[PDB]
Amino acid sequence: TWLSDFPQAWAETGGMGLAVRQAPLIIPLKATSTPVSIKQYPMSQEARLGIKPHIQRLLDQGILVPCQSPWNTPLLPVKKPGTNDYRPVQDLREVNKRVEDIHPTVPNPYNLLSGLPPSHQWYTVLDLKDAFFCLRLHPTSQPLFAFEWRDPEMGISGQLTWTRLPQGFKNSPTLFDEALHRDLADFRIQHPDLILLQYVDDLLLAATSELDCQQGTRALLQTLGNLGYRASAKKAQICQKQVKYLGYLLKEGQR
C-alpha cells in the first residue's frame, strides 16, 4: 500500500505543503518600476459567491493574508465550462511587466525526454499538488501581488495578498523548478542508478527493474514528504512499464 506507507508524501493525507528548506523568495523589480494599482472591476454576486469558498480556504491555510499595498491587480470571474465551477484568477500582467526577467531554465519536454535511456524502462510518474504554494514568498515581496476582496457585509478589510509563490506570475514555473532541483540534488546523488526527470511539478522516475523502481519510488516519496512537497495519490502511476508523462505515452522505449 503506497498510500498508507507514505502519509506525509501524499496531498490526500499529508496536508498542504510547505518547502521548509527553501528560503522565502525575494522578487527583484526592474530598475525603473514603481507600484501600479489597478482598479478591481465590479464582480457580480454570482462570481463572488463562487470565489468566496476558495478565498476562505486560502485564508485559513495562511496562503492569503490581509494587507495594505500600493500594488493592486484585478481578480476575474472564471469558469471555463459555463455552468458553475468558479476559481479565482488574478491578472498579474502589469506586475509581470515590472518584475526583472530571469533566464528560462526549464527545459522543453522534447529535450527533457532525450535524457531517458532505453536501459531504464520501469517508471513512476508523480505530479506535485499546489506546487507553487509550497514556496514561501519573502514578506518584502508579498505586497507585490495584492488584490481587493470584500463581502456586501462584513467583508475583509480591503486587500489580500499571497504569502506563497502565486499562480499567474511569470517566474513561478522557473522559480519552482529551480527550487525543487535544489531540494532533490541529494536524492540524485544517493540514487546514481535512477533517472529523474523534472518539469516544474511533473516528475518521472525511471529504473532498470521493477524492484529498483519500487525502492526508488519509496525513497523519492519519503524525501518529497520530508521536504514539504505533496504528490497526488489519485493521479500517481507507480512502477509501470507504460506511463503517460508530459502528453506522451512512454511505451516500449518509444517517445
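Between two forms, the rigid core is the largest collection of C-alphas that superpose within 1.5 Å. The first residue of the shown sequence is 1; numbering continues from there.
Of the two segments 104 to 112 and 121 to 129, the one whose CA positions lie farther from the displayed form in 9 other deposited structures of this protein, once all are superposed on the rigid core, is 104 to 112.
Stretch comparison, 211 to 219 versus 42 to 50: after rigid core superposition, larger RMS CA deviation in 9 other deposited structures of this protein is found for 42 to 50. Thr161 is built in all of the other entries compared, counting only those with both neighbours built, so it is not a gap in a third.
Note: missing coordinates for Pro143 occur in none of the other compared entries bracketing this position, so the one-third threshold is not reached. Annotation for 153 to 161 versus 131 to 139: the higher mean temperature factor (C-alpha) is found in 153 to 161.
Here the stretch with the larger average CA B-factor, out of 69 to 77 and 169 to 177, is 69 to 77.
Going by the entry's values, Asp85 shows the largest Cα B-factor out of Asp183, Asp85, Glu94, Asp101. Taking the deposited Cα B-factors for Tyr41, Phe187, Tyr199, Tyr229, the highest one is held by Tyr41.
Ranked by C-alpha B-factor against the other modelled residues of its chain, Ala23 falls in the lowest third. Compared with the other modelled residues of the chain, the Cα B-factor recorded for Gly62 ranks in the middle third. Ranked by Cα temperature factor within the chain, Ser209 sits in the highest third according to the deposited record. When the CA B factors of the chain's modelled residues are split into thirds, the value for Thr217 lands in the middle one. Ranked by Cα temperature factor within the chain, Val89 sits in the middle third according to the deposited record.
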